[PDB]
Every structure is written in C-alpha cells, then in structure tokens.
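Asks: I am attaching a structure below and will ask some questions about it afterwards.
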Amino acid sequence: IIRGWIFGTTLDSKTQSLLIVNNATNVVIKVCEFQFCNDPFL
Amino acid sequence: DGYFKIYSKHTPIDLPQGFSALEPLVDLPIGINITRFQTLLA
Amino acid sequence: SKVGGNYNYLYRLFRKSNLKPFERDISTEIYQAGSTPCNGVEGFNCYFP
Ligand SMILES: *[C@@H]1O[C@H](CO)[C@@H](O)[C@H](O)[C@H]1NC(C)=O
C-alpha cells in the first residue's frame with residue numbers, strides 16, 4: 001500500500017523536488033521541477 | 001552535503017519490541033534543499 | 001570567446017541567503033530589493049537574478 005515519498009520545500013514547479021516511487025514494475029528516482037497534486041496517489 | 005543517504009531493513013513478524021539495526025542502502029547526490037515530505041499511497 | 005561578445009555563460013547575482021556545500025539553485029524568480037512588493041514586474045526595486 002505504501003509506494004514512495006516526495007521531498008522538497010515547495011511542491012510546485014518553482015523549485016526542484018525529489019520523487020521516489022515503486023510502481024507495479026519499476027522503482028523510479030527523479031529530481032525534477034514537478035507540479036504536484038493536492039492529493040497524489042496511484 | 002548534497003547527499004541523500006538511506007538505511008533500510010526488513011523483518012518478518014502497535015510498534016513492536018526487539019532490536020534490529022538498519023544497514024546502508026544508497027546515497028544519492030541530488031544537491032537540493034528539503035524541508036517537507038509527503039507519502040504516496042496506492 | 002567570440003568577436004562581439006559571447007553571451008552563453010551566466011551566473012547568479014542576487015540571492016536571499018548563502019548556499020550550502022554542493023547545493024544547486026536553478027530558480028528564475030524575480031528578486032525583491034526594496035521591501036516593496038513586485039509580482040513579476042521589474043524596476044527601481046527588483047531585478048532578474
Ligand atoms: C531551504 O529552504 C528554506 C525554506 O524554503 C529556506 O529558508 C532556506 O534558506 C533554504 N536553504 C538555503 C541554503 O537557503
């Protein structure tokens with residue numbers, strides 16, 4: 001049920017954030033300038 | 001110092017008793033600023 | 001170097017606080033330098049970093 005985490009200071013597109021996730025097939029680590037949802041899920 | 005160090009461990013069987021020490025997993029050179037985090041649930 | 005000037009190399013001139021070791025900052029937000037609000041606009045108080 002627990003899949004990963006997101007780290008940062010502001011979770012909008014104005015700064016960089018780290019995304020660690022393990023979907024059904026792959027674990028993906030990315031450090032990009034994401035725009036995140038209020039309630040992100042899978 | 002711009003690194004993201006992770007220590008993890010798994011153990012077969014409300015926080016339980018015992019003593020188990022986590023071993024190093026990875027140290028990622030992301031070089032960003034972190035002050036918040038959130039969990040992803042499926 | 002090129003004749004007439006090469007403008008492909010940039011650097012940051014304004015920032016609110018000092019960096020930490022091995023920390024990268026690739027933001028592009030306008031810098032406030034007079035305590036007067038400036039939302040994107042520039043001039044007499046605010047500069048492109
Ligand atoms: C990291 O972020 C916090 C809040 O977003 C900020 O106060 C701090 O200055 C940032 N780090 C540095 C080195 O400035």
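Chain labels A, B, ... are given in the sequence in which chains occur in the structure tokens; within each chain residues are numbered consecutively from 1, and ligands are likewise numbered from 1 in the order shown.
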Using only C-alpha atoms and all ligand atoms, tabulate the residues of chain C lying at most 9 Å from any atom of ligand 1, each with its closest atom pair and that distance in Å to one decimal, by chain and increasing residue number, as a Markdown table.
Replies:
```
| residue | atom | partner | partner_atom_place_in_ligand_line | distance |
| --- | --- | --- | --- | --- |
| C:15 | CA | ligand 1 | 14 (O) | 8.7 |
| C:16 | CA | ligand 1 | 14 (O) | 7.2 |
| C:17 | CA | ligand 1 | 14 (O) | 5.0 |
| C:18 | CA | ligand 1 | 13 (C) | 5.8 |
| C:19 | CA | ligand 1 | 13 (C) | 4.5 |
| C:20 | CA | ligand 1 | 13 (C) | 5.1 |
| C:21 | CA | ligand 1 | 13 (C) | 8.8 |
| C:23 | CA | ligand 1 | 13 (C) | 7.7 |
```
Asks: Could those residues be written to a file, using N, CA and C atoms, as a compact mmCIF listing (two decimals), in the first residue's frame?
Replies:
```txt
# COMPACT_ATOMS: atom_id res chain seq x y z
N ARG C 15 20.68 36.79 -4.30
CA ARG C 15 20.08 35.67 -3.60
C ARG C 15 19.82 36.08 -2.16
N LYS C 16 18.79 35.47 -1.56
CA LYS C 16 18.36 35.88 -0.23
C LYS C 16 19.31 35.39 0.85
N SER C 17 19.86 34.19 0.69
CA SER C 17 20.73 33.62 1.71
C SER C 17 21.81 32.79 1.04
N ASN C 18 22.90 32.58 1.77
CA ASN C 18 24.04 31.84 1.25
C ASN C 18 23.66 30.38 0.98
N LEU C 19 24.37 29.78 0.03
CA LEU C 19 24.17 28.39 -0.32
C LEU C 19 24.81 27.48 0.72
N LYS C 20 24.46 26.20 0.65
CA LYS C 20 25.12 25.16 1.40
C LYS C 20 26.06 24.38 0.50
N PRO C 21 27.03 23.67 1.07
CA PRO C 21 28.01 22.95 0.23
C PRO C 21 27.33 21.99 -0.73
N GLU C 23 25.25 22.48 -3.14
CA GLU C 23 23.84 22.76 -3.37
C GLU C 23 23.68 23.57 -4.65
```
Asks: Find the residues around residue 3 of chain A up to 7 Å (only C-alpha atoms counted), leave out those fewer than 3 positions away in its own chain, and share them as a PyMOL selection string.
Replies: (chain A and resi 21-23) or (chain B and resi 40-42)
Asks: What's the 9 Å shell around residue 10 of chain A, counting only C-alpha atoms, without same-chain residues fewer than 5 positions away, as a list in words?
Replies: residues 15, 16 and 17 of chain A; 34, 35 and 36 of chain B
Asks: Please provide the set of residues having any atom within 8 Å of residue 29 of chain A, restricted to only C-alpha atoms, with same-chain residues fewer than 6 positions apart removed, written as an NGL selection string.
Replies: :A and (18-21)
Asks: Taking a cut-off of 12 Å and counting only C-alpha atoms, can you build a table that, for each residue of chain B near chain C, reports the nearest atom pair and how far apart they are in Å (one decimal), sorted by chain then residue number, as CSV?
Replies:
```
residue,atom,partner,partner_atom,distance
B:1,CA,C:21,CA,5.5
B:2,CA,C:22,CA,5.2
B:3,CA,C:22,CA,8.6
B:29,CA,C:22,CA,8.9
B:30,CA,C:23,CA,8.5
B:31,CA,C:23,CA,4.7
B:32,CA,C:23,CA,5.7
B:33,CA,C:23,CA,7.4
B:34,CA,C:23,CA,11.0
```
Asks: From the list A:2, A:41, A:31, A:25, which residue is nearest chain C when using only C-alpha atoms?
Replies: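 Nearest candidate to chain C out of A:2, A:41, A:31, A:25: A:31.
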Asks: Using only C-alpha atoms, find which residues of chain A lie within 6 Å of chain B and jot them down as a count of residues only.
Replies: 11
